[PDB]
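One file, protein_20.pdb, carrying PDB, C-alpha atoms:
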ATOM      1  CA  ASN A   2       0.000   0.000   0.000
ATOM      2  CA  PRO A   3       0.964   3.641  -0.539
ATOM      3  CA  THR A   4       1.129   6.051   2.378
ATOM      4  CA  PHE A   5      -0.838   9.282   2.035
ATOM      5  CA  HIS A   6       0.036  12.821   3.074
ATOM      6  CA  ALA A   7      -2.106  15.881   3.788
ATOM      7  CA  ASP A   8      -0.732  18.369   1.247
ATOM      8  CA  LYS A   9      -2.380  16.955  -1.899
ATOM      9  CA  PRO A  10      -5.882  15.574  -2.455
ATOM     10  CA  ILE A  11      -5.976  11.890  -1.508
ATOM     11  CA  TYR A  12      -7.726  10.936  -4.741
ATOM     12  CA  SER A  13      -4.835  12.331  -6.767
ATOM     13  CA  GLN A  14      -2.300  10.451  -4.627
ATOM     14  CA  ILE A  15      -4.262   7.263  -5.314
ATOM     15  CA  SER A  16      -4.325   7.981  -9.063
ATOM     16  CA  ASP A  17      -0.548   8.626  -8.975
ATOM     17  CA  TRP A  18       0.107   5.329  -7.173
ATOM     18  CA  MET A  19      -2.144   3.330  -9.540
ATOM     19  CA  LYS A  20      -0.351   4.865 -12.524
ATOM     20  CA  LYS A  21       2.974   3.771 -11.030
ATOM     21  CA  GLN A  22       1.732   0.195 -10.647
ATOM     22  CA  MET A  23       0.784   0.208 -14.323
ATOM     23  CA  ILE A  24       4.038   1.761 -15.609
ATOM     24  CA  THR A  25       6.237  -0.666 -13.704
ATOM     25  CA  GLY A  26       4.162  -3.593 -14.901
ATOM     26  CA  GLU A  27       2.979  -4.670 -11.458
ATOM     27  CA  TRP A  28      -0.458  -4.404 -13.049
ATOM     28  CA  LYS A  29      -0.510  -5.447 -16.699
ATOM     29  CA  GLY A  30      -2.861  -4.704 -19.560
ATOM     30  CA  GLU A  31      -6.351  -6.153 -19.133
ATOM     31  CA  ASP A  32      -5.758  -6.841 -15.445
ATOM     32  CA  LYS A  33      -9.021  -6.527 -13.544
ATOM     33  CA  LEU A  34      -8.993  -3.844 -10.876
ATOM     34  CA  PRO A  35     -10.719  -3.938  -7.508
ATOM     35  CA  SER A  36     -14.136  -2.356  -7.260
ATOM     36  CA  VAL A  37     -14.005   1.078  -5.685
ATOM     37  CA  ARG A  38     -15.352  -0.377  -2.431
ATOM     38  CA  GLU A  39     -12.778  -3.194  -2.408
ATOM     39  CA  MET A  40     -10.000  -0.714  -3.081
ATOM     40  CA  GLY A  41     -11.280   1.550  -0.309
ATOM     41  CA  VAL A  42     -11.069  -1.288   2.183
ATOM     42  CA  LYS A  43      -7.619  -2.277   0.867
ATOM     43  CA  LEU A  44      -6.287   1.284   1.222
ATOM     44  CA  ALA A  45      -8.301   2.202   4.326
ATOM     45  CA  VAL A  46      -9.673   5.108   2.311
ATOM     46  CA  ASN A  47     -13.212   6.442   1.820
ATOM     47  CA  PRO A  48     -14.699   4.789  -1.304
ATOM     48  CA  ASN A  49     -15.915   8.193  -2.559
ATOM     49  CA  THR A  50     -12.282   9.239  -2.652
ATOM     50  CA  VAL A  51     -11.308   6.080  -4.509
ATOM     51  CA  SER A  52     -14.112   6.669  -7.002
ATOM     52  CA  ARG A  53     -12.710  10.121  -7.786
ATOM     53  CA  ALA A  54      -9.324   8.542  -8.505
ATOM     54  CA  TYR A  55     -10.839   5.858 -10.767
ATOM     55  CA  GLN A  56     -12.870   8.548 -12.608
ATOM     56  CA  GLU A  57      -9.674  10.529 -13.171
ATOM     57  CA  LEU A  58      -7.943   7.488 -14.661
ATOM     58  CA  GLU A  59     -10.893   6.436 -16.809
ATOM     59  CA  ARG A  60     -11.306   9.942 -18.185
ATOM     60  CA  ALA A  61      -7.636   9.920 -19.216
ATOM     61  CA  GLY A  62      -7.899   6.433 -20.708
ATOM     62  CA  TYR A  63      -5.618   4.493 -18.323
ATOM     63  CA  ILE A  64      -8.414   2.210 -17.187
ATOM     64  CA  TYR A  65     -11.669   1.242 -18.844
ATOM     65  CA  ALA A  66     -14.974  -0.269 -17.822
ATOM     66  CA  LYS A  67     -17.085  -3.064 -19.207
ATOM     67  CA  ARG A  68     -20.773  -3.022 -18.263
ATOM     68  CA  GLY A  69     -21.357  -5.137 -15.161
ATOM     69  CA  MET A  70     -17.753  -6.331 -15.246
ATOM     70  CA  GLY A  71     -15.848  -3.551 -13.479
ATOM     71  CA  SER A  72     -12.662  -1.705 -14.453
ATOM     72  CA  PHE A  73      -9.562  -2.955 -16.279
ATOM     73  CA  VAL A  74      -6.038  -1.702 -16.976
ATOM     74  CA  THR A  75      -5.738  -0.317 -20.500
ATOM     75  CA  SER A  76      -3.389  -2.141 -22.890
ATOM     76  CA  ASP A  77      -1.560   0.585 -24.804
ATOM     77  CA  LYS A  78       2.241   0.512 -24.728
ATOM     78  CA  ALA A  79       2.521   3.852 -26.502
ATOM     79  CA  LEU A  80       0.251   5.511 -23.923
ATOM     80  CA  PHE A  81       2.206   4.185 -20.944
ATOM     81  CA  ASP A  82       5.565   4.881 -22.626
ATOM     82  CA  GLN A  83       4.590   8.552 -22.945
ATOM     83  CA  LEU A  84       3.401   8.685 -19.321
ATOM     84  CA  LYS A  85       6.732   7.296 -18.158
ATOM     85  CA  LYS A  86       8.511   9.887 -20.289
ATOM     86  CA  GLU A  87       6.513  12.719 -18.763
ATOM     87  CA  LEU A  88       7.052  11.483 -15.201
ATOM     88  CA  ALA A  89      10.774  11.112 -15.927
ATOM     89  CA  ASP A  90      10.924  14.704 -17.243
ATOM     90  CA  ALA A  91       9.155  15.901 -14.101
ATOM     91  CA  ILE A  92      11.618  14.074 -11.849
ATOM     92  CA  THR A  93      14.628  15.591 -13.623
ATOM     93  CA  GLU A  94      13.079  19.055 -13.571
ATOM     94  CA  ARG A  95      12.520  18.856  -9.802
ATOM     95  CA  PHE A  96      16.041  17.542  -9.207
ATOM     96  CA  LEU A  97      17.582  20.545 -10.949
ATOM     97  CA  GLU A  98      15.228  22.992  -9.242
ATOM     98  CA  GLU A  99      15.965  21.484  -5.833
ATOM     99  CA  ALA A 100      19.687  21.561  -6.567
ATOM    100  CA  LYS A 101      19.423  25.225  -7.494
ATOM    101  CA  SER A 102      17.602  25.916  -4.220
ATOM    102  CA  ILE A 103      20.567  24.682  -2.176
ATOM    103  CA  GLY A 104      23.187  26.321  -4.409
ATOM    104  CA  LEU A 105      24.238  22.986  -5.908
ATOM    105  CA  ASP A 106      25.248  23.552  -9.518
ATOM    106  CA  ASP A 107      24.177  21.158 -12.277
ATOM    107  CA  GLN A 108      27.677  19.796 -12.893
ATOM    108  CA  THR A 109      28.251  18.953  -9.241
ATOM    109  CA  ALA A 110      24.779  17.459  -8.864
ATOM    110  CA  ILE A 111      25.201  15.194 -11.887
ATOM    111  CA  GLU A 112      28.620  14.021 -10.736
ATOM    112  CA  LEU A 113      27.251  13.190  -7.275
ATOM    113  CA  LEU A 114      24.392  11.281  -8.839
ATOM    114  CA  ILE A 115      26.699   9.291 -11.108
ATOM    115  CA  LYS A 116      28.921   8.501  -8.129
ATOM    116  CA  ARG A 117      25.921   7.349  -6.091
ATOM    117  CA  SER A 118      24.619   5.266  -9.006
ATOM    118  CA  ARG A 119      27.942   3.419  -9.167
ATOM    119  CA  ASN A 120      27.874   3.237  -5.362
TER     120      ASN A 120
ATOM    121  CA  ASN B   2       8.743  34.057   1.293
ATOM    122  CA  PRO B   3       8.448  30.264   1.320
ATOM    123  CA  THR B   4       5.088  28.581   0.847
ATOM    124  CA  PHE B   5       4.074  26.029   3.471
ATOM    125  CA  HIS B   6       2.312  22.692   3.111
ATOM    126  CA  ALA B   7       0.318  20.574   5.560
ATOM    127  CA  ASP B   8       2.305  17.321   5.530
ATOM    128  CA  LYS B   9       5.272  18.434   7.667
ATOM    129  CA  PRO B  10       5.400  20.583  10.804
ATOM    130  CA  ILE B  11       5.519  24.262   9.838
ATOM    131  CA  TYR B  12       8.417  24.955  12.192
ATOM    132  CA  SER B  13      10.564  22.412  10.365
ATOM    133  CA  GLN B  14       9.649  23.924   6.986
ATOM    134  CA  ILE B  15      10.743  27.309   8.337
ATOM    135  CA  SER B  16      14.033  25.857   9.619
ATOM    136  CA  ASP B  17      14.610  24.221   6.201
ATOM    137  CA  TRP B  18      13.988  27.510   4.373
ATOM    138  CA  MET B  19      16.257  29.504   6.727
ATOM    139  CA  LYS B  20      19.016  26.933   6.228
ATOM    140  CA  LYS B  21      18.662  27.351   2.462
ATOM    141  CA  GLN B  22      19.024  31.127   2.753
ATOM    142  CA  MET B  23      22.245  30.596   4.690
ATOM    143  CA  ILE B  24      23.737  27.963   2.346
ATOM    144  CA  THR B  25      23.119  30.030  -0.769
ATOM    145  CA  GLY B  26      24.592  33.094   0.889
ATOM    146  CA  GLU B  27      21.411  35.165   0.783
ATOM    147  CA  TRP B  28      22.061  35.533   4.506
ATOM    148  CA  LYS B  29      25.751  35.748   5.373
ATOM    149  CA  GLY B  30      27.697  35.097   8.545
ATOM    150  CA  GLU B  31      26.927  37.517  11.377
ATOM    151  CA  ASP B  32      23.803  38.780   9.624
ATOM    152  CA  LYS B  33      21.215  39.799  12.198
ATOM    153  CA  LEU B  34      17.982  37.845  11.982
ATOM    154  CA  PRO B  35      14.477  39.130  12.614
ATOM    155  CA  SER B  36      13.047  38.652  16.074
ATOM    156  CA  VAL B  37      10.648  35.734  16.232
ATOM    157  CA  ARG B  38       7.714  38.164  16.253
ATOM    158  CA  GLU B  39       9.047  40.092  13.242
ATOM    159  CA  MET B  40       9.602  36.853  11.365
ATOM    160  CA  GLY B  41       6.098  35.677  12.253
ATOM    161  CA  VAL B  42       4.605  38.807  10.741
ATOM    162  CA  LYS B  43       6.876  38.494   7.681
ATOM    163  CA  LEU B  44       5.849  34.863   7.093
ATOM    164  CA  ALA B  45       2.246  35.225   8.285
ATOM    165  CA  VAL B  46       3.016  32.455  10.760
ATOM    166  CA  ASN B  47       2.319  32.086  14.491
ATOM    167  CA  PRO B  48       5.368  33.383  16.421
ATOM    168  CA  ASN B  49       5.324  30.267  18.640
ATOM    169  CA  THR B  50       5.926  28.256  15.494
ATOM    170  CA  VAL B  51       8.757  30.549  14.440
ATOM    171  CA  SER B  52      10.301  30.246  17.897
ATOM    172  CA  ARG B  53      10.384  26.456  17.545
ATOM    173  CA  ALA B  54      12.246  26.840  14.250
ATOM    174  CA  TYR B  55      14.771  29.295  15.740
ATOM    175  CA  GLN B  56      15.292  26.948  18.736
ATOM    176  CA  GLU B  57      15.977  24.083  16.331
ATOM    177  CA  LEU B  58      18.599  26.134  14.491
ATOM    178  CA  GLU B  59      20.244  27.482  17.637
ATOM    179  CA  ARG B  60      20.463  24.021  19.161
ATOM    180  CA  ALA B  61      22.248  22.801  16.021
ATOM    181  CA  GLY B  62      24.553  25.823  15.950
ATOM    182  CA  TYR B  63      23.371  27.513  12.726
ATOM    183  CA  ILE B  64      22.324  30.671  14.529
ATOM    184  CA  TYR B  65      23.419  32.131  17.838
ATOM    185  CA  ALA B  66      22.151  34.683  20.313
ATOM    186  CA  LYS B  67      23.755  37.593  22.086
ATOM    187  CA  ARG B  68      22.043  38.781  25.273
ATOM    188  CA  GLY B  69      19.602  41.584  24.483
ATOM    189  CA  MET B  70      20.813  41.682  20.885
ATOM    190  CA  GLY B  71      18.812  38.924  19.193
ATOM    191  CA  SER B  72      19.915  36.101  16.886
ATOM    192  CA  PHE B  73      22.657  36.021  14.243
ATOM    193  CA  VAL B  74      23.742  33.719  11.415
ATOM    194  CA  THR B  75      26.717  31.588  12.435
ATOM    195  CA  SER B  76      29.978  32.135  10.533
ATOM    196  CA  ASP B  77      31.415  28.665   9.950
ATOM    197  CA  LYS B  78      32.207  27.693   6.361
ATOM    198  CA  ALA B  79      32.999  24.109   7.315
ATOM    199  CA  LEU B  80      29.623  23.735   9.055
ATOM    200  CA  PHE B  81      27.641  25.067   6.096
ATOM    201  CA  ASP B  82      29.765  23.123   3.585
ATOM    202  CA  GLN B  83      28.826  19.887   5.368
ATOM    203  CA  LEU B  84      25.138  20.865   5.473
ATOM    204  CA  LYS B  85      25.177  21.487   1.733
ATOM    205  CA  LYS B  86      26.842  18.111   1.230
ATOM    206  CA  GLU B  87      24.185  16.339   3.264
ATOM    207  CA  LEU B  88      21.319  18.105   1.482
ATOM    208  CA  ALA B  89      22.927  17.263  -1.868
ATOM    209  CA  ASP B  90      23.191  13.577  -0.869
ATOM    210  CA  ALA B  91      19.529  13.616   0.142
ATOM    211  CA  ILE B  92      18.479  15.121  -3.190
ATOM    212  CA  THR B  93      20.383  12.485  -5.174
ATOM    213  CA  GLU B  94      19.027   9.683  -3.004
ATOM    214  CA  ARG B  95      15.436  10.827  -3.599
ATOM    215  CA  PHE B  96      16.026  11.204  -7.339
ATOM    216  CA  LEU B  97      17.161   7.593  -7.644
ATOM    217  CA  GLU B  98      14.363   6.319  -5.410
ATOM    218  CA  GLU B  99      11.760   8.251  -7.392
ATOM    219  CA  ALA B 100      13.250   6.988 -10.645
ATOM    220  CA  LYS B 101      13.039   3.432  -9.354
ATOM    221  CA  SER B 102       9.383   3.988  -8.439
ATOM    222  CA  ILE B 103       8.474   4.754 -12.055
ATOM    223  CA  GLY B 104      10.686   2.015 -13.518
ATOM    224  CA  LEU B 105      13.247   4.527 -14.782
ATOM    225  CA  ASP B 106      16.688   2.947 -14.576
ATOM    226  CA  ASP B 107      19.695   4.902 -13.298
ATOM    227  CA  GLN B 108      21.426   5.072 -16.683
ATOM    228  CA  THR B 109      18.375   6.479 -18.440
ATOM    229  CA  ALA B 110      17.668   8.924 -15.621
ATOM    230  CA  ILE B 111      21.217  10.285 -15.635
ATOM    231  CA  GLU B 112      21.226  10.677 -19.408
ATOM    232  CA  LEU B 113      17.919  12.573 -19.293
ATOM    233  CA  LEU B 114      19.278  14.824 -16.581
ATOM    234  CA  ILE B 115      22.463  15.563 -18.513
ATOM    235  CA  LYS B 116      20.392  16.319 -21.607
ATOM    236  CA  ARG B 117      18.142  18.666 -19.631
ATOM    237  CA  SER B 118      21.157  20.359 -18.025
ATOM    238  CA  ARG B 119      22.559  21.131 -21.478
ATOM    239  CA  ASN B 120      19.039  22.130 -22.539
TER     240      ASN B 120
END

Here is the file; what I need is its structure written in the form of structure tokens.
Amino acid sequence: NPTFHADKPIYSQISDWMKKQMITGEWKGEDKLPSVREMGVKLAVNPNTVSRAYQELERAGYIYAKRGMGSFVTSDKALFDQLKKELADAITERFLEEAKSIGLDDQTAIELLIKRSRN
Amino acid sequence: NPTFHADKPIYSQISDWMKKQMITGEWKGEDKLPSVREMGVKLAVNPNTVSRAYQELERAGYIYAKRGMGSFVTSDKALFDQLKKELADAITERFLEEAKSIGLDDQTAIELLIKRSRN
């Protein structure tokens, strides 16, 4: 389970977490998702809040519904590849902004990261 | 001014922000800080909360008091150099953990960052 914080709407944190499960392949295309009530119990979250997260994902095409059969993970490699690209861009943007905020120049930051990556 | 969020104690967010002003040299050694009440008005924050942030910094040696003269930024290049190093390590650690969470491998992440850095 994910852990939630109080700064962002819970439904959006749930959506973010579900997207991560789909991008990493923990949940694969056509996988059947929990009902909103099942997911609420699983996450210890209000099912209304879960519903808002599912609605967000369905609207954006990451999950889809079949009548009287619930919700399923979309199969679309191109769609998930572009999501991963956008999340990756966001991560790099934040890294450089955070570095700037502590006076850590790009060159130094990248070298530190490479060193850490090689352990 | 910094903007505050609801997930972490406000006093610690204030301490974090003040540390950043000192590391980047916006506030230099021996600079006189606002009183806790002045800072509270400046930040639109409860002065009790500001006091907790100042106490945190004084306890750790980043600011110091003179009797009936208020608080001042410590002059100690070695101390601030080590703080910057620790914050930089934390930033790189989080970058790699966040990358892992979206299935972005270290090599790809570093290349993207280098590309972004060169624009």

Would you kindly return, as a PyMOL selection string, each protein, DNA or RNA residue with an atom no farther than 12 Å from any atom of residue 95 (chain B), considering only C-alpha atoms and excluding same-chain residues fewer than 3 positions away? (chain A and resi 92-93+95-96+99-100+114+117) or (chain B and resi 88-92+98-102)

Target residues per the ChimeraX specification (/B :<12) & /A, formatted as a CSV table (one decimal) with C-alpha atoms, in the coordinates of the input:
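New file result.csv:
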chain,number,residue,atom,x,y,z
A,3,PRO,CA,1.0,3.6,-0.5
A,4,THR,CA,1.1,6.1,2.4
A,5,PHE,CA,-0.8,9.3,2.0
A,6,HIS,CA,0.0,12.8,3.1
A,7,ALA,CA,-2.1,15.9,3.8
A,8,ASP,CA,-0.7,18.4,1.2
A,9,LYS,CA,-2.4,17.0,-1.9
A,10,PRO,CA,-5.9,15.6,-2.5
A,17,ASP,CA,-0.5,8.6,-9.0
A,18,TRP,CA,0.1,5.3,-7.2
A,19,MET,CA,-2.1,3.3,-9.5
A,20,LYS,CA,-0.4,4.9,-12.5
A,21,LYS,CA,3.0,3.8,-11.0
A,22,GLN,CA,1.7,0.2,-10.6
A,23,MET,CA,0.8,0.2,-14.3
A,24,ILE,CA,4.0,1.8,-15.6
A,25,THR,CA,6.2,-0.7,-13.7
A,26,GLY,CA,4.2,-3.6,-14.9
A,27,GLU,CA,3.0,-4.7,-11.5
A,81,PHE,CA,2.2,4.2,-20.9
A,82,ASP,CA,5.6,4.9,-22.6
A,84,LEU,CA,3.4,8.7,-19.3
A,85,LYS,CA,6.7,7.3,-18.2
A,86,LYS,CA,8.5,9.9,-20.3
A,87,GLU,CA,6.5,12.7,-18.8
A,88,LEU,CA,7.1,11.5,-15.2
A,89,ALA,CA,10.8,11.1,-15.9
A,90,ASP,CA,10.9,14.7,-17.2
A,91,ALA,CA,9.2,15.9,-14.1
A,92,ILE,CA,11.6,14.1,-11.8
A,93,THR,CA,14.6,15.6,-13.6
A,94,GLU,CA,13.1,19.1,-13.6
A,95,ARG,CA,12.5,18.9,-9.8
A,96,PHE,CA,16.0,17.5,-9.2
A,97,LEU,CA,17.6,20.5,-10.9
A,98,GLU,CA,15.2,23.0,-9.2
A,99,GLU,CA,16.0,21.5,-5.8
A,100,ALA,CA,19.7,21.6,-6.6
A,101,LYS,CA,19.4,25.2,-7.5
A,102,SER,CA,17.6,25.9,-4.2
A,103,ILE,CA,20.6,24.7,-2.2
A,104,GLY,CA,23.2,26.3,-4.4
A,105,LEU,CA,24.2,23.0,-5.9
A,106,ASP,CA,25.2,23.6,-9.5
A,107,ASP,CA,24.2,21.2,-12.3
A,108,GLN,CA,27.7,19.8,-12.9
A,109,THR,CA,28.3,19.0,-9.2
A,110,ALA,CA,24.8,17.5,-8.9
A,111,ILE,CA,25.2,15.2,-11.9
A,112,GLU,CA,28.6,14.0,-10.7
A,113,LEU,CA,27.3,13.2,-7.3
A,114,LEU,CA,24.4,11.3,-8.8
A,115,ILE,CA,26.7,9.3,-11.1
A,116,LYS,CA,28.9,8.5,-8.1
A,117,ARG,CA,25.9,7.3,-6.1
A,118,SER,CA,24.6,5.3,-9.0
A,119,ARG,CA,27.9,3.4,-9.2
A,120,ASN,CA,27.9,3.2,-5.4

Residues matched by the PyMOL selection byres ((chain B and resi 50-65) around 6) as a PDB file with C-alpha atoms, in the coordinates of the input:
ATOM      1  CA  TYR B  12       8.417  24.955  12.192  1.00  0.00           C
ATOM      2  CA  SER B  16      14.033  25.857   9.619  1.00  0.00           C
ATOM      3  CA  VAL B  37      10.648  35.734  16.232  1.00  0.00           C
ATOM      4  CA  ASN B  47       2.319  32.086  14.491  1.00  0.00           C
ATOM      5  CA  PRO B  48       5.368  33.383  16.421  1.00  0.00           C
ATOM      6  CA  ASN B  49       5.324  30.267  18.640  1.00  0.00           C
ATOM      7  CA  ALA B  66      22.151  34.683  20.313  1.00  0.00           C
ATOM      8  CA  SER B  72      19.915  36.101  16.886  1.00  0.00           C
ATOM      9  CA  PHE B  73      22.657  36.021  14.243  1.00  0.00           C
ATOM     10  CA  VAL B  74      23.742  33.719  11.415  1.00  0.00           C
ATOM     11  CA  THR B  75      26.717  31.588  12.435  1.00  0.00           C
TER      12      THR B  75
END

Atom pair CA of residue 45 (chain B) / CA of residue 29 (chain B): separation (Å): 23.7 Å

Would you compute the distance between CA of residue 39 (chain B) and CA of residue 79 (chain B)? Give it in Å to one decimal. 29.4 Å

Kindly give the distance, in Å, that separates CA of residue 77 (chain A) and CA of residue 11 (chain A), rounded to a single decimal. 26.3 Å

Which residue out of A:44, A:67, A:2, A:80 has the minimum interatomic distance to residue 31 (chain A) when all atoms listed in the file are used? A:67
